[PDB]
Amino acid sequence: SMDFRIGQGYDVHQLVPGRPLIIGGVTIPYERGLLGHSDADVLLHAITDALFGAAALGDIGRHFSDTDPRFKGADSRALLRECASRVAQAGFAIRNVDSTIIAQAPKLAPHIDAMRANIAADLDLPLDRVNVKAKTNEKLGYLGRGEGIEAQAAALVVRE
């Protein structure tokens, strides 16, 4: 139809020793990884919130608790898939997703295409409706010191 909606998402996680670095579903070689419930995939979380936001469904904290037995061990791609399911349940179709990762290190350019392919598969979208961008923070703040990684996302949906 013509009932378009926009959503915007934000996430950040600390970088800590002793955990794999997983962003956009991609395991990236690195001496640290993101701290959170399961894989702490900051990019998928930001997209997830943008999609909930566009459908006016709240946010991750309203949908996915640590205690739901359906979602206890769930990695962030299972949660992205569930998000997409609830968006459809509310009567919306996803039109496109754009996003930005902010990380001072490691280099993410080798991994961007795989992230895009993972997101497109999880959202049942063609590749040309999914975009992932990657920036440093020019050595400013906790991002520039390598203390965490931020992701931003925007999503367009339509109510059919």
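All residue numbers refer to positions in the sequence shown, first residue = 1. Rigid core: the largest C-alpha set superposing within 1.5 Å between the two forms.
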Task: Farther-lying stretch by C-alpha RMS in 8 other deposited structures of this protein (rigid core fit) among 11 to 19, 147 to 155 - done: 11 to 19
Task: Greater mean Cα temperature factor according to the PDB record, 21 to 29 or 7 to 15 - done: 21 to 29
Open item on the list: So, looking at the entry's B-factor column for Cα atoms, which has the higher mean, 86 to 94 or 70 to 78?
Closed with: 70 to 78
Open item on the list: Quiz for you: based on the deposited Cα B-factor, which of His45, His37, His111, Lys133 is highest?
Closed with: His37
TODO: Would you please rank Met2 by its C-alpha temperature factor against the other modelled residues of its chain and give the third it falls in: lowest, middle or highest?
DONE: highest
- [ ] Grab the CA temperature factor for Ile101 from the record and place it in the lowest, middle or highest third of its chain.
- [x] middle
TODO: Could you look up the Cα B-factor of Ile60 in the entry and say which third of the chain it sits in: lowest, middle or highest?
DONE: middle
TODO: Taking the chain's C-alpha temperature factors as the reference, tell me which third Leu127 falls into: lowest, middle or highest.
DONE: highest
